[PDB]
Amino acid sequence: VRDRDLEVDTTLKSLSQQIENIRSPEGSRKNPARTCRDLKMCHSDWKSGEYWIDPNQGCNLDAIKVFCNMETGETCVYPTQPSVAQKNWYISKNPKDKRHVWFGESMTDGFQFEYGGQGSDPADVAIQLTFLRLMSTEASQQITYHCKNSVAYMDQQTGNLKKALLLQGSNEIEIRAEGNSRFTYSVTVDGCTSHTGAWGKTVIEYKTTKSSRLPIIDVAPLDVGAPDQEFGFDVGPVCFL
């Protein structure tokens, strides 16, 4: 028989701690917070890093593992597969005709990008993203196009953007190099501007208040088709602030 007083005092501390964990979750997997923005706001001193969150609440078994930037409050959700190998992915029955073709939708062994990490169910994560968009004022994502004999953005020969690749946003919105300036991506470095027989890369960013457009789920290069034209991707996380 357990000593009664110590048992009661132990239950009391445990009940008190259970209530505290409801009020102030620590962002562990058993005890996930709502967003990184909430963690930051409520815990000024906590360090940037990995935390679990459950923005759609209810049952917490669908919580997602994310990086919180505690300087900015950003919640960053990683694609399930950050890295797409660098190789030839497509040969057209017509080398000379350069046209946009979707990696995920039309290329042998292509896939549309998924988010959350290898354990997750995408339908659950889609619900989580919906709540994250609701709890943020903007979102941003970066993607790197790795290139060998493949223009990504600016064509050095012509000086124009007509061979630039297309991105597919999350709600059937294309994001482009040109056009309406609220649907256009920006480019920080562009090492793909000519065919050199060597590898370069172009780094592309989209930031918007219309967070329904992110993340990116597909990429359509144009300057592809000939058999020595190779590319690959590093897909960054979609970050909500």
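Numbering starts at 1 and runs along the sequence shown.
* Mean C-alpha B factor from the entry: is it higher for 191 to 199 or for 29 to 37? -> The stretch with the larger average C-alpha B-factor is 191 to 199.
task = Higher average CA B factor in the deposited record is what I'm after, so tell me if that's 96 to 104 or 114 to 122.
result = 96 to 104 has the higher mean C-alpha B-factor.
Residue of maximum C-alpha B factor among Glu205, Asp62, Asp45, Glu178, per deposited coordinates: Comparing C-alpha B-factors across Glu205, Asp62, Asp45, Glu178, the top value belongs to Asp45.
| task | Would you mind finding, among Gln168, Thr137, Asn149, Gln142, the residue with the largest C-alpha temperature factor in the entry? | result | Going by the entry's C-alpha B-factors, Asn149 comes out highest.
Where the record places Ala226 (Cα B-factor, split into thirds across the chain): Highest third - that is where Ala226 ends up once the chain's C-alpha B-factors are sorted.
| What third of its chain's C-alpha B-factors does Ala164 belong to: lowest, middle or highest? | As the PDB entry reports it, the C-alpha B-factor of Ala164 lands in the middle third of its chain.
- Lowest, middle or highest third - CA B-factor, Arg213: Ranked within chain, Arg213 CA B lands in the lowest tercile.
Discussion item. Ranking the modelled residues of this chain by C-alpha B-factor as given in the entry, is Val77 in the lowest, middle or highest third?
Written reply: CA B-factor rank for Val77: lowest third.
Determine, from the deposited record, the chain-internal third of the Cα B-factor for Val238: lowest, middle or highest. Within its chain, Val238 is a lowest-third residue by C-alpha B-factor, going by the deposited values.
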